[PDB]
There are 2 protein chains.
Amino acid sequence: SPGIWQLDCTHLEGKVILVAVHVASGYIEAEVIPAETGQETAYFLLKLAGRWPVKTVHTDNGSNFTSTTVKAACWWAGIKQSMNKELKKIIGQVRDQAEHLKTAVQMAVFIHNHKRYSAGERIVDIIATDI
Amino acid sequence: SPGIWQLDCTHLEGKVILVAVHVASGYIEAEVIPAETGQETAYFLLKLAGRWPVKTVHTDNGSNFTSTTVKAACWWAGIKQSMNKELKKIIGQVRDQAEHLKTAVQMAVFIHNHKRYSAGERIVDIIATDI
Ligand SMILES: Cc1nc2ccccc2c(-c2ccc3c4c(ccnc24)CCO3)c1[C@H](OC(C)(C)C)C(=O)O
Ligand SMILES: Cc1nc2ccccc2c(-c2ccc3c4c(ccnc24)CCO3)c1[C@H](OC(C)(C)C)C(=O)O
C-alpha cells in the first residue's frame with residue numbers, strides 16, 4: 001500500500017538519526033535529533049504527514065510509539081499503526097567530506113533517493129497513480 | 001516549470017520560519033530555525049533537494065543566498081538561481097492549540113498542503129508527469 005511508512009532510529013557518533021522509509025518505493029527521509037524521545041518522534045511524524053499521505057506507520061521497536069506525544073501526533077494526522085544499512089554505508093562513504101554528521105546524512109539521503117527508476121521517482125509515481 | 005522553488009523566511013514570536021513553496025503547485029515545506037543564517041539555509045536546501053527535483057530556487061530577499069555555505073549546497077545539489085500570508089493565517093488559527101510555535105507551523109503546513117485538488121496532490125502529479 002502507498003500509505004505505509006516505517007520509522008526507526010539509528011545511532012552514529014553518539015547522535016540519533018531518525019529514518020523514515022516509504023515501504024513501497026524505498027524513498028527515505030531522515031533527520032538528526034539530539035536524543036531518542038517521543039517529542040522528537042511526534043514532531044517528525046507531524047512533518048512527514050504534512051508532506052505525504054501517511055496512513056500507517058511501522059517500526060522495528062514498538063516501544064518507540066508508546067508516548068503520549070507520539071499518540072497525539074498520530075491522532076491529529078489520522079495515522080494508524082537493509083535500506084537503513086544501505087544508508088549507513090552511504091553516510092560512511094561521504095562522512096569525511098562534511099564537518100557535521102547531519103550534513104553527511106542529508107547527502108546520503110540525496111544520493112539514495114536519486115540513485116538508479118530512482119526511489120524519488122517511484123514514490124511520486126506511486127502516490128500520483130493512487131490519486 | 002516543475003523544478004522551481006521559492007524560499008523565504010518569516011518572523012513570528014521572535015523566531016524564524018523558513019518557508020519553501022513549490023511554485024507550480026503551491027505545496028509548502030517549512031522549518032522553524034533559531035536565527036536567519038546561511039548555514040541554516042544551506043542545510044534546508046540540502047534536505048529539500050534530496051526529496052524533490054530542485055532545479056532552481058527563487059527568493060524575495062536575494063542577499064539570503066550570498067553566503068559560502070548556501071553556494072556550496074547549491075553547487076553540490078545542482079541547484080541554479082501570498083501563500084506565506086495564507087500560512088501565517090493558518091498558523092494564527094491553530095497557534096493556541098499547541099505549546100510550541102514549531103508544532104503550530106507543521107500543523108499549518110499539513111492543513112495547507114491537504115486543503116482543497118490539494119497542493120500535495122498537485123505536486124506529486126506535476127512531478128510524476130514530468131518524469
Ligand atoms: C509539548 C507537547 N506536549 C504534549 C503533551 C501531551 C500530548 C501532546 C503534546 C504535544 C503535541 C504533539 C503532537 C500534536 C499536538 C497537537 C496539539 C497540541 N500538542 C500536540 C496537534 C498535532 O499533533 C506537544 C507539542 O510538542 C511536540 C509536537 C514537539 C511534541 C506541542 O508543541 O504542543
Ligand atoms: C559547516 C560547513 N561549513 C562550510 C563552509 C564553507 C562551505 C561549505 C560549508 C558547509 C557545507 C554546506 C553545504 C554542503 C557541504 C558539502 C560538503 C561540505 N560542506 C558543506 C556537500 C553538500 O553541501 C558546512 C556544512 O554544514 C552546513 C551544511 C550545516 C552548513 C558541513 O557540515 O560541512
# chains A, B, ... in the order shown; residues from 1 in each chain; ligands from 1
call {"tool": "interface_residues", "arguments": {"of": "chain B", "to": "chain A", "cutoff": "7 Å", "atoms": "only C-alpha atoms", "output": "PyMOL selection string"}}
result
chain B and resi 43+46-47+49-51+103+106+109-110+113+120+124-125+127-128
call {"tool": "residues_around", "arguments": {"residues": "residue 34 (chain A)", "least_positions_apart": "3", "cutoff": "10 Å", "atoms": "only C-alpha atoms", "output": "short mmCIF file (atom, residue, chain, number, x, y, z; two decimals) with N, CA, C and O atoms, in the first residue's frame"}}
result
data_model
loop_
_atom_site.label_atom_id
_atom_site.label_comp_id
_atom_site.auth_asym_id
_atom_site.auth_seq_id
_atom_site.Cartn_x
_atom_site.Cartn_y
_atom_site.Cartn_z
N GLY A 14 27.50 9.04 18.59
CA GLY A 14 26.80 9.49 19.77
C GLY A 14 25.55 10.30 19.51
O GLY A 14 24.98 10.86 20.45
N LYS A 15 25.10 10.39 18.26
CA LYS A 15 23.88 11.10 17.91
C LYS A 15 22.85 10.12 17.36
O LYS A 15 23.14 8.94 17.13
N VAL A 16 21.64 10.62 17.16
CA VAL A 16 20.50 9.80 16.78
C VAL A 16 20.00 10.27 15.42
O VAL A 16 19.78 11.46 15.20
N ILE A 17 19.83 9.32 14.50
CA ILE A 17 19.30 9.59 13.17
C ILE A 17 17.94 8.91 13.08
O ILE A 17 17.85 7.68 13.20
N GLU A 31 16.45 12.78 9.65
CA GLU A 31 16.75 13.95 10.47
C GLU A 31 17.68 13.48 11.57
O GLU A 31 17.50 12.38 12.11
N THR A 37 13.51 10.65 21.83
CA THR A 37 12.38 10.96 22.70
C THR A 37 11.09 10.93 21.90
O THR A 37 11.09 11.09 20.67
N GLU A 40 10.47 14.18 19.91
CA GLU A 40 11.13 14.28 18.61
C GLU A 40 10.42 13.41 17.59
O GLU A 40 10.24 13.81 16.44
#
call {"tool": "atom_distance", "arguments": {"atom1": "atom 15 (C, counted along the ligand's line) of ligand 2", "atom2": "CA of residue 24 (chain B)"}}
result
27.8 Å
call {"tool": "residues_around", "arguments": {"residues": "region 79-89 of chain B", "least_positions_apart": "6", "cutoff": "6 Å", "atoms": "only C-alpha atoms", "output": "count of residues only"}}
result
3
call {"tool": "select_by_dssp", "arguments": {"residues": "chain B", "states": "strand (DSSP E)", "output": "mmCIF file with N, CA, C and O atoms, in the first residue's frame"}}
result
data_model
loop_
_atom_site.group_PDB
_atom_site.id
_atom_site.type_symbol
_atom_site.label_atom_id
_atom_site.label_comp_id
_atom_site.auth_asym_id
_atom_site.auth_seq_id
_atom_site.Cartn_x
_atom_site.Cartn_y
_atom_site.Cartn_z
ATOM 1 N N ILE B 4 10.993 24.631 -10.047
ATOM 2 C CA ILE B 4 11.178 25.960 -9.471
ATOM 3 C C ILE B 4 10.604 25.978 -8.062
ATOM 4 O O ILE B 4 9.436 25.627 -7.850
ATOM 5 N N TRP B 5 11.426 26.392 -7.102
ATOM 6 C CA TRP B 5 11.012 26.611 -5.726
ATOM 7 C C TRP B 5 11.339 28.037 -5.305
ATOM 8 O O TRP B 5 12.253 28.666 -5.846
ATOM 9 N N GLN B 6 10.580 28.549 -4.342
ATOM 10 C CA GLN B 6 10.867 29.837 -3.727
ATOM 11 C C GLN B 6 11.038 29.647 -2.228
ATOM 12 O O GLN B 6 10.224 28.977 -1.584
ATOM 13 N N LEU B 7 12.097 30.236 -1.679
ATOM 14 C CA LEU B 7 12.421 30.130 -0.263
ATOM 15 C C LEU B 7 12.452 31.522 0.348
ATOM 16 O O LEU B 7 13.069 32.435 -0.211
ATOM 17 N N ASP B 8 11.799 31.672 1.495
ATOM 18 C CA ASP B 8 11.802 32.923 2.243
ATOM 19 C C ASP B 8 11.729 32.596 3.728
ATOM 20 O O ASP B 8 11.233 31.535 4.106
ATOM 21 N N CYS B 9 12.219 33.495 4.572
ATOM 22 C CA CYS B 9 11.943 33.387 5.993
ATOM 23 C C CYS B 9 10.896 34.397 6.447
ATOM 24 O O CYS B 9 10.794 35.534 5.918
ATOM 25 N N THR B 10 10.118 33.971 7.433
ATOM 26 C CA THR B 10 9.082 34.783 8.048
ATOM 27 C C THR B 10 9.430 34.839 9.525
ATOM 28 O O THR B 10 10.025 33.899 10.055
ATOM 29 N N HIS B 11 9.073 35.922 10.203
ATOM 30 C CA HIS B 11 9.342 36.043 11.626
ATOM 31 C C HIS B 11 8.041 35.988 12.411
ATOM 32 O O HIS B 11 7.037 36.588 12.017
ATOM 33 N N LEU B 12 8.074 35.257 13.524
ATOM 34 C CA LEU B 12 6.930 35.134 14.416
ATOM 35 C C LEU B 12 7.447 34.776 15.799
ATOM 36 O O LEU B 12 8.269 33.863 15.931
ATOM 37 N N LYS B 15 11.038 34.134 16.591
ATOM 38 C CA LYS B 15 11.687 33.015 15.927
ATOM 39 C C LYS B 15 11.569 33.171 14.417
ATOM 40 O O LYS B 15 10.870 34.051 13.908
ATOM 41 N N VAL B 16 12.270 32.299 13.698
ATOM 42 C CA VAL B 16 12.387 32.381 12.248
ATOM 43 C C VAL B 16 11.779 31.128 11.639
ATOM 44 O O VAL B 16 12.109 30.008 12.047
ATOM 45 N N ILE B 17 10.895 31.316 10.664
ATOM 46 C CA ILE B 17 10.273 30.218 9.936
ATOM 47 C C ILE B 17 10.777 30.285 8.504
ATOM 48 O O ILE B 17 10.549 31.280 7.806
ATOM 49 N N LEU B 18 11.447 29.226 8.059
ATOM 50 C CA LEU B 18 11.894 29.124 6.677
ATOM 51 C C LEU B 18 10.811 28.406 5.883
ATOM 52 O O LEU B 18 10.440 27.276 6.215
ATOM 53 N N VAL B 19 10.310 29.058 4.838
ATOM 54 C CA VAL B 19 9.193 28.552 4.051
ATOM 55 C C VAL B 19 9.668 28.333 2.623
ATOM 56 O O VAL B 19 10.173 29.263 1.982
ATOM 57 N N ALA B 20 9.511 27.107 2.130
ATOM 58 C CA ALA B 20 9.757 26.782 0.734
ATOM 59 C C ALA B 20 8.421 26.493 0.067
ATOM 60 O O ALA B 20 7.606 25.734 0.604
ATOM 61 N N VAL B 21 8.198 27.095 -1.098
ATOM 62 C CA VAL B 21 6.981 26.894 -1.873
ATOM 63 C C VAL B 21 7.353 26.338 -3.238
ATOM 64 O O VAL B 21 8.187 26.917 -3.943
ATOM 65 N N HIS B 22 6.743 25.213 -3.604
ATOM 66 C CA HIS B 22 6.834 24.713 -4.970
ATOM 67 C C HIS B 22 5.894 25.553 -5.828
ATOM 68 O O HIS B 22 4.670 25.478 -5.673
ATOM 69 N N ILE B 28 3.975 23.478 0.186
ATOM 70 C CA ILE B 28 4.887 24.147 1.106
ATOM 71 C C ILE B 28 5.629 23.118 1.952
ATOM 72 O O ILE B 28 5.065 22.088 2.337
ATOM 73 N N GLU B 29 6.900 23.412 2.241
ATOM 74 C CA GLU B 29 7.664 22.794 3.318
ATOM 75 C C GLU B 29 8.203 23.907 4.200
ATOM 76 O O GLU B 29 8.621 24.952 3.694
ATOM 77 N N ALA B 30 8.198 23.692 5.514
ATOM 78 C CA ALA B 30 8.700 24.727 6.404
ATOM 79 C C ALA B 30 9.397 24.113 7.609
ATOM 80 O O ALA B 30 9.198 22.943 7.947
ATOM 81 N N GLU B 31 10.213 24.941 8.258
ATOM 82 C CA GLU B 31 11.018 24.567 9.412
ATOM 83 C C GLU B 31 11.174 25.820 10.258
ATOM 84 O O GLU B 31 11.351 26.915 9.717
ATOM 85 N N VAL B 32 11.109 25.667 11.575
ATOM 86 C CA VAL B 32 11.494 26.740 12.483
ATOM 87 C C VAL B 32 12.979 26.624 12.790
ATOM 88 O O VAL B 32 13.452 25.569 13.228
ATOM 89 N N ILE B 33 13.713 27.708 12.559
ATOM 90 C CA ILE B 33 15.155 27.741 12.790
ATOM 91 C C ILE B 33 15.438 28.809 13.841
ATOM 92 O O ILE B 33 14.647 29.753 13.984
ATOM 93 N N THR B 56 15.846 25.066 -9.743
ATOM 94 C CA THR B 56 16.120 26.471 -9.489
ATOM 95 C C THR B 56 15.372 26.912 -8.242
ATOM 96 O O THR B 56 14.313 26.374 -7.908
ATOM 97 N N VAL B 57 15.931 27.908 -7.559
ATOM 98 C CA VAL B 57 15.340 28.457 -6.346
ATOM 99 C C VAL B 57 15.291 29.970 -6.487
ATOM 100 O O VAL B 57 16.274 30.592 -6.904
ATOM 101 N N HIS B 58 14.153 30.555 -6.133
ATOM 102 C CA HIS B 58 13.963 31.996 -6.092
ATOM 103 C C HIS B 58 13.779 32.445 -4.648
ATOM 104 O O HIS B 58 13.581 31.635 -3.738
#
call {"tool": "closest_atom_pairs", "arguments": {"of": "chain B", "to": "ligand 1", "cutoff": "6 Å", "atoms": "only C-alpha atoms and all ligand atoms", "output": "Markdown table"}}
result
| residue | atom | partner | partner_atom_place_in_ligand_line | distance |
| --- | --- | --- | --- | --- |
| B:97 | CA | ligand 1 | 17 (C) | 5.2 |
| B:98 | CA | ligand 1 | 33 (O) | 3.7 |
| B:99 | CA | ligand 1 | 33 (O) | 3.8 |
| B:100 | CA | ligand 1 | 32 (O) | 3.8 |
| B:103 | CA | ligand 1 | 32 (O) | 4.6 |
call {"tool": "write_last_selection", "arguments": {"atoms": "C-alpha atoms", "output": "compact mmCIF listing (two decimals), in the first residue's frame"}}
result
# COMPACT_ATOMS: atom_id res chain seq x y z
CA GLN B 97 -3.77 24.59 20.32
CA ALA B 98 0.00 23.92 20.56
CA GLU B 99 2.63 24.77 23.15
CA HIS B 100 5.48 25.35 20.68
CA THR B 103 4.19 22.43 16.20
call {"tool": "select_by_dssp", "arguments": {"residues": "region 7-111 of chain B", "states": "alpha helix (DSSP H)", "output": "ChimeraX atom specification"}}
result
/B:38-51,68-77,83-94,101-111
call {"tool": "closest_residue", "arguments": {"among": "A:90, A:115, A:130, A:101", "to": "ligand 2", "atoms": "only C-alpha atoms and all ligand atoms"}}
result
A:101
call {"tool": "closest_residue", "arguments": {"among": "B:39, B:65, B:71, B:78", "to": "ligand 2", "atoms": "only C-alpha atoms and all ligand atoms"}}
result
B:39
call {"tool": "closest_residue", "arguments": {"among": "B:25, B:93, B:41, B:118", "to": "ligand 2", "atoms": "only C-alpha atoms and all ligand atoms"}}
result
B:41
call {"tool": "atom_distance", "arguments": {"atom1": "atom 16 (C, counted along the ligand's line) of ligand 2", "atom2": "CA of residue 68 (chain B)"}}
result
10.8 Å
call {"tool": "closest_residue", "arguments": {"among": "A:95, A:61, A:116, A:54", "to": "ligand 2", "atoms": "only C-alpha atoms and all ligand atoms"}}
result
A:95
call {"tool": "atom_distance", "arguments": {"atom1": "atom 20 (C, counted along the ligand's line) of ligand 2", "atom2": "CA of residue 38 (chain B)"}}
result
11.3 Å
